[PDB]
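Ligands are counted one by one from 1 in listed order, and the atoms in each one are counted from 1 as well. So you know, we letter chains A, B, ... as the sequences are listed, proteins then strands, and number each from 1.
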Amino acid sequence: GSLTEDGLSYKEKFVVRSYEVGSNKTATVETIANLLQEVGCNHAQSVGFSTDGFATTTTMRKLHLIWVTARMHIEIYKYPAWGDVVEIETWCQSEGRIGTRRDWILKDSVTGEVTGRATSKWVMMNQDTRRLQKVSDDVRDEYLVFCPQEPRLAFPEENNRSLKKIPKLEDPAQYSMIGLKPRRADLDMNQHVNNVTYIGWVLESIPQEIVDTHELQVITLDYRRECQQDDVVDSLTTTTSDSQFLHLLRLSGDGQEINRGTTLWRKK
Amino acid sequence: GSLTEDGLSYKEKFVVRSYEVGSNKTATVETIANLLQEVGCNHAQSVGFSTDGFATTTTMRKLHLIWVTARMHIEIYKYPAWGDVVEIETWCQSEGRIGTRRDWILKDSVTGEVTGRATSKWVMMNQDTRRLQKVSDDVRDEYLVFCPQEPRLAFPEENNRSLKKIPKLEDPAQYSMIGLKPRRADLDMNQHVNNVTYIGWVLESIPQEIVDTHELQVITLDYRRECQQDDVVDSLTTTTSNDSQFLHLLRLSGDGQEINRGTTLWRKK
Ligand SMILES: COCC(=O)NCc1ccccc1
Ligand SMILES: COCC(=O)NCc1ccccc1
Ligand SMILES: COCC(=O)NCc1ccccc1
Ligand SMILES: COCC(=O)NCc1ccccc1
């Protein structure tokens, strides 16, 4: 991978692996999400950001400050097949005191056609108290030199799917998958559950009939609270309609919300 | 990746990804196992083997015959770090009517030093009845032309760890992790649980204290029965031992039907 000519974005190509594909012999949405994460990490490394905590600086490490994902939104037009090469371009942009936005464009390496796009919102917080904090000018100036100054949006539409408010699913859920627990392969280098595992858990409550007759087109996911490595999760889904679903991930005991989201599926 | 000059082995390089590493910032044993699987699949594809079923031919597909892993044995000297490049060489050799053996050598791309090795045993089975059956000369001849004829062993030693018999763990287990279920990311393109998920499930019952103070050196795993996508598994571990050794058992949560057994050897960091 490499930073582009103007140094304001980063590109990387990936060959889709045999264990990365589903029943259709095309990459899963979790494989796609892992690749967005990988290119995001390579972009931060390329410009000197910390190898201990994603997108942190010496200034943030002293203050025990981290960046956390608030929302992830992915739209796929064509899933690459096993053996195919996908090229991914990513860039970051400031969003004031609220936080930051990282966007991605996925392309077919051979044709050059856009096969997907993603956008994510990040907020700053103290890693110990878990309290959200406003980004100071000192922290802001550090990353602004690596962002384009004119708005570059993967989802430019005024009032598009990526910015829609997500409601809370009401009991009883139409479908559910309970007792979901993370194993060591679900944890990152800091022993935290990987953001991609939550996408998998959300999709666990979609009936196999939907998965067999449809392809996932859009997924929007809010990250409200972290699942600890010894927590147990219940994944809940209700049809709201193409097929549309409302999703809720909550702790198996007290029902504390960890994530909420929506999915849109297209008939094969 | 590519077949080597003589066409009797295959090499591929991989850059270790950020999500592929553990707390030590080095690749997990499941990341290593996924890469051995990937290079194994690329080698079969490079010489015309089926894209629907691993290492099958038109002859095998007609008879509903598949190859299944009976045993996997991995030894790691150094786990590659995030950003490092690992080069893997793999080859296959016939083992008579019993089945085949696929071996691997892992190397550091920069230094050229061997950082690991693996060996696996495969048996042929009817995919519908799940009945094992000896390999016929017709099936044998099809793959022999892609194998070296002189013995090429990743574990050459006459009485070595890769061929040791594994005993059945007796209750009560010293440690356990109960209620393990596969999710969709654990399934392959044919809806079967990925062979690597079983390695993860085995390791789920190792205490976190061992994982924090030791590094995994050797893992040997027998595959006895397949876990269906709606089965629930219990992972059991007992210490059998400077170095730490463990005996492992994976069985169905209800009736206790054995799916896997194995051993692990850990070295103090
Ligand atoms: C360390 O992560 C870097 C990154 O860019 N992450 C993207 C992502 C966010 C949420 C879900 C899936 C993927
Ligand atoms: C937390 O904000 C998202 C993010 O990726 N920030 C670091 C970064 C910004 C600009 C270029 C490269 C890396
Ligand atoms: C389709 O698999 C091709 C292959 O060579 N797999 C090796 C393997 C066997 C068991 C556990 C992990 C890896
Ligand atoms: C089932 O045995 C393991 C295996 O990988 N067989 C296929 C093969 C043999 C020789 C070269 C390349 C591919």
Side-chain angles (χ1 to χ4, degrees), chain A residues 3 7-10 18-19 29-30 32-50 53-57 60 66-74 90-95 99-104 118-124 135 139 142-148 188-190 192 194-199 219 221 223 259, chain B residues 18-19 29-30 32-44 49 53-55 66-74 90 92 100 102-104 118-122 188-190 192 194-199 219 221 223 260:
Chain A
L3 282 161
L8 303 177
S9 74
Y10 191 90
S18 56
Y19 61 82
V29 83
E30 300 179 69
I32 300 297
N34 275 324
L35 303 193
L36 306 183
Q37 181 167 68
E38 176 69 0
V39 72
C41 287
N42 290 335
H43 186 190
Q45 195 291 119
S46 87
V47 292
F49 285 111
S50 183
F54 177 75
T56 75
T57 54
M60 283 173 88
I66 56 162
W67 288 104
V68 148
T69 312
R71 168 118 110 195
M72 178 59 147
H73 180 86
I74 307 183
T90 189
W91 67 94
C92 280
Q93 210 140 46
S94 174
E95 291 213 322
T100 238
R101 199 189 76 251
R102 174 169 287 274
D103 290 6
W104 301 247
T119 184
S120 71
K121 307 260 186 296
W122 300 80
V123 290
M124 198 173 73
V135 39
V139 171
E142 287 186 311
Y143 76 85
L144 280 180
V145 307
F146 309 114
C147 300
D188 65 12
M189 57 187 87
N190 310 138
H192 288 269
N194 193 300
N195 295 128
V196 178
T197 304
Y198 301 94
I199 295 177
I219 181 173
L221 191 57
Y223 285 79
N259 290 85
Chain B
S18 58
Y19 61 83
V29 83
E30 300 179 69
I32 299 298
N34 275 324
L35 303 192
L36 306 182
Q37 178 164 259
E38 176 69 359
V39 71
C41 289
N42 290 336
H43 185 190
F49 285 111
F54 178 74
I66 57 161
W67 287 105
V68 294
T69 312
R71 173 180 277 187
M72 177 59 146
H73 179 86
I74 307 182
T90 189
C92 182
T100 78
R102 174 169 287 274
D103 290 7
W104 301 248
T119 184
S120 70
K121 307 260 185 295
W122 300 80
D188 65 12
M189 57 187 87
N190 310 139
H192 289 269
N194 193 299
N195 294 307
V196 177
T197 304
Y198 301 94
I199 295 177
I219 180 173
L221 191 58
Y223 285 79
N260 290 86

Taking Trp67(B) for the side chain and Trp122(B) for the main chain, is one N or O donor matched with an acceptor at less than 3.5 Å?
no

Look only at the side chain of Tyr223(A) and the backbone of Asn195(A), and say whether a donor-acceptor pair between them is shorter than 3.5 Å.
yes

Say whether, by atom type as modelled, one donor and one acceptor occur between the side chain of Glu30(A) and the main chain of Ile199(A) under 3.5 angstrom.
no

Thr90(B) side chain to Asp103(B) backbone, donor-acceptor under 3.5 Å
yes

Would the distance check show the side chain of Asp188(A) and the main-chain N or O of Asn190(A) forming a donor-acceptor pair, the cut-off being under 3.5 Å?
yes

Candidate pair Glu38(A) and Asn34(A), rule side-chain hydrogen bond (donor to acceptor under 3.5 Å, both in side chains), full reasoning
CA-CA 6 Å; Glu38(A) 176 69 0; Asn34(A) 275 324; over 6 Å; no

For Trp104(B), atoms of ligand 3 separated by under 4.0 Å from a heavy atom:
5 (O), 7 (C)

For ligand 2, give me the residues whose heavy-atom distance to it is below 4.0 Å, by chain and number please.
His43(A), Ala44(A), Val47(A), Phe49(A), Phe54(A), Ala55(A), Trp67(A), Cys92(A), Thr100(A), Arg102(A), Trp122(A), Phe146(A)

Measuring only between side-chain heavy atoms, which start at C-beta, is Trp104(B) closer than 4.5 Å to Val39(B)?
yes

Has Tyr223(B) got any heavy atom lying under 4.0 angstrom from an atom of ligand 3?
yes

Ligand 3-proximal atoms of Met72(B), by part, heavy-atom distance under 4.0 Å
side chain

Can you check whether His73(A)'s main-chain N or O pairs, donor with acceptor, with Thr119(A)'s side chain at less than 3.5 Å?
no

Could you list the atoms of ligand 1 found under 4.0 angstrom from a heavy atom of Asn195(A)?
10 (C), 11 (C)

